Amino acid sequence: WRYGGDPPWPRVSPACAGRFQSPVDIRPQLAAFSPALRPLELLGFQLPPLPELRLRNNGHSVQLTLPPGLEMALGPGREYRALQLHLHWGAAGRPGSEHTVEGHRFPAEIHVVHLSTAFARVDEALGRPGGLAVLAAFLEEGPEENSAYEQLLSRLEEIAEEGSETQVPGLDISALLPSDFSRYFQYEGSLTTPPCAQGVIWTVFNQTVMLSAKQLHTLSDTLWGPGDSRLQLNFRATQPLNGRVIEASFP
Ligand SMILES: NS(=O)(=O)c1ccc(-c2cn(-c3cccc4ccccc34)nn2)s1
Ligand SMILES: [Zn+2]
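Residue 9 is where the sequence shown starts when you use the deposited numbering, and the numbers rise one by one after that.
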């Protein structure tokens, strides 16, 4: 499968034609305030430098493989383990976040993908309710170089070619996320690429993460994808809520 052309995704996976897909346009007036949504909790995200982690240009994103022992809870009894994180982005003067807010597309987006502790493997969790959970944050332009992001972004030249990878020292993985874990939207949807399985719990932070202009340019102008093409605009069009109500942890 690829962005911007064939094969049609429903042909690759029928779940890509499900009614309840991601990403979506968050319209926060239509979000439902839900006070049972408590602050997200993360354990083990502050990693030592060794052992190193694998960072891969997979042709459709840059993906960092996370080690065992990263625990995430969406709430009491809602427990997950982190598997990997990756990015979606646009191109020169074109934003490429997956989620939008009142139609606004942000420069880029981070996803940290998690497996429910009830499942040993992703393929057993696929399509099961709450089997997979993704934390999502928008990346915007700020004045300073983001030091946590610089650790990944400084290595993209090494993985410019589709299918290449490199090793990077462990870092504080939670430093790639906003510090505000209290304010977020949450809805049930799908993986945003094939196999587009449903049952995925999406949590989208209110607060954004700040990268420098240079960093955002590095992300969008360094990697190459399928064929002789730049890896850019690697986001799926927003999908209709189709009756789903997005919850918000705030009024
Ligand atoms: N953009 S996204 O976060 O929604 C996303 C899209 C696809 C993802 C994905 C695929 N994964 C898989 C990993 C390992 C084995 C798998 C086996 C079957 C299907 C997906 C698998 N895990 N996340 S995460
Ligand atoms: Zn993603």
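All residues carry an ideal CB built from backbone N, CA and C; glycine is no exception.
Three-way DSSP call (helix, strand, coil) for residue i in this model
i	result
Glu60	coil
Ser124	strand
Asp180	strand
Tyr88	strand
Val20	helix
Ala39	coil
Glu255	strand
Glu166	helix
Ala99	strand
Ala44	coil
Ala245	coil
Opening and closing residue of the beta strand (DSSP E) in which residue i lies
i	result
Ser198	192-198
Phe146	140-149
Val212	206-213
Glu49	49-51
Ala81	79-83
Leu72	70-73
Contacting residues, own chain, Cβ-Cβ under 7 Å from residue i (five flanking each side not counted)
i	result
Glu106	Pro31, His96, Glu117, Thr200, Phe243, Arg244
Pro47	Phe189, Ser190
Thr73	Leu61, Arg62, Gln92
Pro202	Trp9, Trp17, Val20, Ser21, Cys24
Residue burial classification, residue i (beta-carbon count within 10 angstroms, cutoff 16)
i	result
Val253	exposed
residue 260	An answer regarding residue 260 cannot be provided, because it is not within the stretch 9 to 259 covered by the chain.
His94	buried
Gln240	buried
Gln92	buried
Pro103	buried
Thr226	buried
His112	exposed
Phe41	exposed
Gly77	exposed
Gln29	buried
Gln175	exposed
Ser162	exposed
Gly101	exposed
Residue i versus the options, residue with shortest Cα-Cα distance
i	options	result
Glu49	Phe114, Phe28, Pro203, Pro84	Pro84
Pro186	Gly197, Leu164, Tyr157, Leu161	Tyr157
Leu224	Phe114, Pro57, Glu196	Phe114
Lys222	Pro151, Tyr195, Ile209, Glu196	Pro151
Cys204	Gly12, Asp14, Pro15, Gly26	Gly26
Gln206	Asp236, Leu143, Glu170, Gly139	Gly139
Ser155	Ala183, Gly98, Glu196, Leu58	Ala183
Bounding residues of the alpha helix (DSSP H) (the contiguous stretch that carries residue i)
i	result
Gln223	221-229
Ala133	130-133
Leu161	155-161
6 Å CB neighbourhood of residue i in its chain, flanking five on each side removed
i	result
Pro234	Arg10, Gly67
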